[PDB]
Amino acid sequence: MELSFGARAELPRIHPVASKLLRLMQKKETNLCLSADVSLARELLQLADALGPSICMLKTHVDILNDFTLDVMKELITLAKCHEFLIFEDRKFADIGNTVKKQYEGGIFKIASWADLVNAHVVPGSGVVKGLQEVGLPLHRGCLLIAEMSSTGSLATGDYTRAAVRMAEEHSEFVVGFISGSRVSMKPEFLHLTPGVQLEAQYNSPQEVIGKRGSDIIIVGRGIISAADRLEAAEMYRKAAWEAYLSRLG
């Protein structure tokens, strides 16, 4: 029952952020999330500008930017709007209660003011999502739950993954999908994003990740960022990921 990204964006219970994301994916023929693992704002903004047309999402780590300012994120928003991609702050929230709300809304970074998407760990319980949602729902933001992990020694068991899915379903007004290695929910309203993606050779190809394992979006860092021609690199990954998606439809 595979539906296109475009049709999934029209589902009755789709979250507005997921619908926005699915629509630009279909329009631009990209299911590539760029992991912009850089330490200087100038390089972040030049990557966002040049690769913006190739990507559906730019994943940031604002807490490694040596020259972070809110004006930097203002300029990033302008690029996200112009090129049509979402901003995903890969903050991996894990606290609960009023702390996690302030970590999302306040402090120096004011993440919720500029990030369309954030992610959260589910190990402490739904308290992480609940705290974030007290901020994010008012702001029409979305959250991704880290449901699986392939790093060596990961402790996310089958039960851990099931709990993450159930948490997503109970908080579907804020949770819009998962970080995982494969499809973990059969509900088409949720997005699946997968890191550990390589064309060349523990990582897997887009065909494996998007085609066989049913994920929606590939997260790619060094395979693009460390290349000389980052644009051609992004395009290689975009074409691979998109053609894996198309072959899944039939």
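Rigid core: the largest C-alpha set superposing within 1.5 Å between the two forms. Numbering starts at 1 and runs along the sequence shown.
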Which stretch is less alike in 5 other deposited structures of this protein, 32-40 or 192-200, counting RMS CA distance after the rigid core is superposed?
-> 192-200
Core-aligned, which moves more in 5 other deposited structures of this protein: 112-120 or 88-96, by CA RMS?
-> 88-96
Per the record, the count of deposited residues between residue 201 and residue 202 that have no coordinates is 4 to 9
Per the PDB record, is the mean Cα temperature factor higher over 83-91 or over 155-163?
-> 155-163
Between 100-108 and 168-176, point out the one with the higher average CA B-factor as the PDB entry records it.
-> 168-176
Quick one: which of 185, 46, 30, 69 shows the highest Cα temperature factor in the PDB entry?
-> 185
At the C-alpha atoms, which of 231, 17, 25, 9 reaches the highest B-factor in this entry?
-> 231
Residue 216: CA B-factor among chain residues, third -> middle
Tell me, lowest, middle or highest third: where does the Cα B factor of residue 148 rank within its chain?
-> highest
Entry-reported Cα temperature factor of residue 209, expressed as the chain third it lands in | highest
Would you check the entry's CA temperature factor for residue 116 and let me know if it's in the chain's lowest, middle or highest third?
-> lowest
By the entry's values, the third containing the CA B factor of residue 61 is the lowest
